[PDB]
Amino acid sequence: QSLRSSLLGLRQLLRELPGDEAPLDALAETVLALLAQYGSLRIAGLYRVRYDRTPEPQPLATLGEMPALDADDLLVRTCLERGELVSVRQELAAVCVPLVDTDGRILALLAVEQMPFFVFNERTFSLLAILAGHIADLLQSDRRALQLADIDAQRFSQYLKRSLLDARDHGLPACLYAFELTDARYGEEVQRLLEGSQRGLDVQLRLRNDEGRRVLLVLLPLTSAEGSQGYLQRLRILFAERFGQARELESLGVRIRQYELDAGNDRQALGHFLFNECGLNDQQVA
């Protein structure tokens, strides 16, 4: 999908930002255009939402002839109280979509007054809420350089939690691969090759399991089983280049463990997979 790409588009617009103002302010037009592109919206506004869940009166960006927030509008009110997307009774201030990061913090409000009736359904609402959540996360970029954990640990943890929320609420797929490197002669060069393979939005952790062996953990957000397979196919081609074509990944001591995130999975399953299947612990992944 252009979902991954649009998010990658936005993230790398953010990564080029001066770094001296505020992402919500600088990117509000593009954020709204994104939300509009996906919801086929005609009249809408993007609004900052302050720490105590009250909306900032003046819109960050407009789309079409768009009137102001009148008061504690029922739809705006329930949106920010429930922290969920709220829309009016179909049988008709059309939709209110909050942008909420993985910590539950509301960063913004998409307030819609007009969108084609034929798209005013659960399918489009879902896509709006998905996009809102991911955009909220990418704007989060701050207060992290006041945490002891490395930037890679922080990112991995947020992306993983977003992936679990996406599986739980929207049935969106993601995959984890743990590469355990069992042969010390090849381990470092294999890990370097895996680190260099990282592509858009996948996030990695460089770890050591309980048995002292290198483990390179890779999360693939928004990635189906098709596709996790495309990833491994790509990776084997890269290994063939780096090491023998005459040779396979497993002959370098690579053991692969894979976990597919599924809302249907038991609640303890991801923890079972990482801790004691992969031999990792809660100080490494949280």
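The first residue of the shown sequence is 1; numbering continues from there.
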Report, from the record, the number of residues in the deposited sequence between residue 149 and residue 150 that have no coordinates, as none, 1 to 3, 4 to 9, or 10 or more.
none
What stretch has the higher average Cα B-factor here, 232 to 240 or 43 to 51?
43 to 51
Which is higher on mean Cα B factor in this entry, 213 to 221 or 241 to 249?
241 to 249
Among 17, 263, 270, 10, where is the Cα temperature factor highest, going by the PDB entry?
17
Lowest, middle or highest third: where is residue 105 by Cα B-factor in its chain?
middle
Using the B-factors in the PDB entry, rank residue 116's C-alpha atom against the chain and give the third, lowest, middle or highest.
highest
Check where residue 74 lands among this chain's C-alpha B-factors and tell me if it's the lowest, middle or highest third.
highest
Taking the entry's C-alpha B-factors for this chain, is residue 123 in the lowest, middle or highest third?
middle
Could you look up the Cα B-factor of residue 132 in the entry and say which third of the chain it sits in: lowest, middle or highest?
middle
